[PDB]
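Count residues from 1 along the sequence. In what follows, every heavy atom counts, from backbone to side chain, and hydrogens, waters and symmetry copies are set aside.
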Amino acid sequence: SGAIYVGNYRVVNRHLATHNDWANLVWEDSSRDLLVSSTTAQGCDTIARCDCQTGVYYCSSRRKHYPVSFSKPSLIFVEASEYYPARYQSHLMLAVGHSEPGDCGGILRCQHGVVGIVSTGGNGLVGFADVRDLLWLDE
Ligand SMILES: Cc1ccccc1NC(=O)c1ccc(C)c(C(N)=O)c1
Ligand SMILES: [Zn+2]
């Protein structure tokens, strides 16, 4: 689990979105595993606006943060999960690292702010859904 709170927006993994997220929907993209809902309370997280390929992510299955090198956002084939088929996921970044299903939502940060959230795993790789291209999140 996990979310990003910026301005009057909440960014979550689309497969973990709640009824309240869907009832206050702003934007969702099934190919990216992202959903953004509106909030009444103001958030104060900052989204990174950069091309960093190094950062640190939170791994809830180890109660630890890990420094990683990750690939630029791209269209990657990902295997089937418990309730969803195998497909190409877009705007995905991969790194060598540990990730279990419940780790989804853990934030990847660089010196400029939030880069993305854990979205995929398997074969000793962790994949993060990028949010740096969503410039509207800060306006
Ligand atoms: C994070 C992880 C680690 C190890 C093994 C599997 C996972 N993946 C998931 O739990 C997961 C579940 C549901 C969906 C829709 C997606 C996705 N991004 O398409 C990923
Ligand atoms: Zn950066």
Does the side chain of [Y] come within less than 4.5 Å of [X]'s, by heavy atoms?
| X | Y | answer |
| --- | --- | --- |
| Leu108 | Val56 | no |
| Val36 | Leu137 | yes |
| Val118 | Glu100 | no |
| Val114 | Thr46 | no |
| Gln42 | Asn8 | yes |
| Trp22 | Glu28 | yes |
| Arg49 | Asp138 | yes |

### Task
Look at the side chain of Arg132 and the backbone N and O of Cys52, then say whether any donor-acceptor pair between them is shorter than 3.5 Å.
yes
### Polar side-chain atom of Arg62 near backbone of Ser99 as donor-acceptor pair, under 3.5 Å
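No, because the side chain of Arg62 does not come within donor-acceptor range (under 3.5 Å) of the backbone of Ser99.
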Indicate the atoms forming the closest heavy-atom contact of [X] with [Y], along with that distance.
| X | Y | value |
| --- | --- | --- |
| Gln89 | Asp33 | NE2-CB, 3.8 Å |
| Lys64 | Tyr58 | O-CD1, 3.6 Å |
| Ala17 | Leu35 | CB-CD1, 3.8 Å |
| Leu94 | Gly127 | CD2-CA, 3.7 Å |
| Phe128 | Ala95 | CE1-CB, 3.9 Å |
| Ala129 | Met93 | C-CE, 4.3 Å |

Are a donor atom and an acceptor atom from the side chains of [X] and [Y] found within less than 3.5 Å of each other?
| X | Y | value |
| --- | --- | --- |
| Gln53 | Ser71 | no |
| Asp29 | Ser31 | yes |
| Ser60 | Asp103 | yes |
| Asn24 | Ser37 | no |

### Task
Hey, could you give me the CG/CD1 distance between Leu92 and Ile76, rounded to the nearest 0.5 Å?
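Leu92 CG to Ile76 CD1: 4.0 Å, rounded to 0.5 Å.
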### Query
Between atom OG of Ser38 and atom CH2 of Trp27, what is the distance when rounded to the nearest 0.5 Å?
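Between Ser38 OG and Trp27 CH2, I get 15.0 Å after rounding to 0.5 Å.
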### Query
Do the ring planes of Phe77 and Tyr88 sit parallel (below 30°), tilted (30 to 60°) or perpendicular (above 60°)?
perpendicular
### Query
Is it the case that one hydrophobic cluster holds both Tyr5 and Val131, taking links as side-chain heavy atoms less than 4.5 Å apart, direct or via other members?
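Hydrophobic grouping puts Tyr5 apart from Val131.
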### Message
Test of understanding: clusters of I, L, V, M, F, W, Y form through side-chain heavy atoms closer than 4.5 Å, transitively. Do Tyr84 and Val78 belong to the same one?
### Response
no
### Message
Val68 vs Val96, test: side-chain contact (heavy atoms from CB on, under 4.5 Å). Steps then yes/no.
### Response
CA-CA 7 Å; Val68 283; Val96 176; over 6 Å; no
### Ring centres under 6.0 angstrom apart (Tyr9, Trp136)
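Yes; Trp136 has its ring centre under 6.0 Å from that of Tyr9.
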### Message
Please evaluate residues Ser1 and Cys104 with respect to the criterion side-chain contact (heavy atoms from CB on, under 4.5 Å), reporting the C-alpha separation (whole Å), side-chain torsions for both, the decisive distance (0.1 Å), and the verdict.
### Response
CA-CA 5 Å; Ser1 58; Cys104 283; over 6 Å; no
### Message
Evaluate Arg10 against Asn20 for side-chain contact (heavy atoms from CB on, under 4.5 Å), listing each step before the verdict.
### Response
CA-CA 11 Å; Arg10 165 173 141 104; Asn20 182 67; over 6 Å; no
### Intermediate values then yes/no, side-chain contact (heavy atoms from CB on, under 4.5 Å), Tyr57 and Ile107
CA-CA 6 Å; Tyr57 79 105; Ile107 286 172; over 6 Å; no
#### Entry: Identified side chain to side chain contact (heavy atoms under 4.5 Å, CB included) partner of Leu134 from the options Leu34, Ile47, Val11
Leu34
### Query
When you look at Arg32 and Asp133, which way does the salt bridge (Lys or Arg N to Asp or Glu O under 4.0 Å) test go after all the steps?
CA-CA 12 Å; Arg32 293 177 71 150; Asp133 65 316; 2.7 Å; yes
### Query
Under a 4.0 Å N-O cut-off, is there an ion pair linking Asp21 with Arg14?
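No, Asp21 and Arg14 are not salt-bridged.
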### Query
Does the distance from a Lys or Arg side-chain N to an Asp or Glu carboxylate O, for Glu79 and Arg87, drop under 4.0 Å?
no
